[PDB]
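One chain comes next, on its own, written out as structure tokens in the form deposited in one PDB entry.
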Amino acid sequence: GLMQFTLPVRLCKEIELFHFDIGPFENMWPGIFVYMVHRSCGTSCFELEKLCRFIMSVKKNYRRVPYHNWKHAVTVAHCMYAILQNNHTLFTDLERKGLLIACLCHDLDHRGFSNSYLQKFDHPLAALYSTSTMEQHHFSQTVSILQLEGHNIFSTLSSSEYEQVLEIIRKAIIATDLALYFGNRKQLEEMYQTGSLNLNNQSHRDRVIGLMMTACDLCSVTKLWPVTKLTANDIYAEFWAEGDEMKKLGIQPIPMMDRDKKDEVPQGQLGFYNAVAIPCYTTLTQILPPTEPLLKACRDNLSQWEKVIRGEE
């Protein structure tokens, strides 16, 4: 009850900033997450023993893949922490509880393969979940872990509050399917510009939480350049392995996943910043002005990729 988590001075200060990197010491990431739950939600939100047991079972159910790993889970949770702390009064008690957990769990048991590869492989999961295949699995794994003995961090919630938080988590995790992002952002852009956006409309809140989830999930593009550049290596390490597996199924992969086309990576990053990242943080900044630093950092990284193409690095 009177047991706060406290980080070293540099981490205590920089964890508040959007571009914070959680560092290479894996053993500190549980502590960093609990610290973030305590400050963004409260020391009362969760039973500490149950939370710690929940966190360590979530960690165990992330795989040793180059990018879609435990470090990604905690990184995405930190971006959500920064959004919530910069938007104090906008979010309900249940939303602050659910969204940090949603981010920690959003890629549970990821194999480093796209929905697309599962469909072409004819993976069992593609027959169980026809759309948003991996994201329905991530939600299923979250519910599984919540139902383990001593792992029910929501035990103090009423039956209707429990159903509400699990619905926040389900929608937040489904929203991380980038295929759904494009339509969600277009709808949010129209609602904001025609002035019909209403944060008391539950279907509108759902859309806004969806965009927050895309923003947190893509947040590697909002780090300082050296973090962004090195994270790109891990992202493409997965993409190229999927491309290899596409070639094993006798299917030429998209260039993004073809290691023979490494040379086109800089131009591929430009397309991604212009088609996905910048539009994402732009719309997020219009709806939630204090998230502007994410847009600024994204624009800084776009400029760095433009420099790579011009041979200035």
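Shifts are known only where both forms have a C-alpha. For the two forms, the rigid core is made up of the largest set of C-alpha atoms that agree within 1.5 Å on superposition. Heads up: residue numbers just count along the shown sequence, starting at 1.
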Practice prompt. Averaging the C-alpha B factors as listed in the entry, name the stretch that ends up higher: 142-150 or 211-219.
Written response: 142-150
Worksheet entry | Mean C-alpha B-factor comparison - 189-197 and 117-125, higher one | 189-197
Item to complete: Between 251, 275, 58, 32, let me know which has the highest C-alpha B-factor in the entry?
Response: 251
Worksheet item: Of 270, 52, 280, 65, which one's C-alpha B factor is largest in the deposited record?
Response: 52
Item to complete: Within this chain's modelled residues, let me know which third the CA B factor of residue 171 belongs to: lowest, middle or highest.
Response: middle
Worksheet item: Taking the C-alpha B-factors as the PDB entry records them, is residue 137 in the lowest, middle or highest third of its chain?
Response: lowest
Worksheet item: Which third of the chain holds residue 43 when residues are ordered by C-alpha B factor: lowest, middle or highest?
Response: highest
Worksheet item: What third of its chain's C-alpha B-factors does residue 234 belong to: lowest, middle or highest?
Response: middle
Response to the item:
So, residue 162's CA B-factor, relative to its chain, sits in which third? The highest
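Below, we refer to the form deposited in another entry, which is not included among the displayed structures.
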Worksheet item: Just one of 270, 65, 251, 256 has a CA that shifts 2 Å or more between this form and the one not shown on a core fit; which is it?
Response: 251
Worksheet item: Once you line up the core, how about residue 23: does its CA shift reach 2 Å between this form and the one not shown?
Response: yes
Item to complete: For a shift of 2 angstroms or more at every C-alpha, which runs of three or more consecutive residues qualify between this form and the one not shown, with the core superposed?
Response: 1-7, 23-27, 248-251
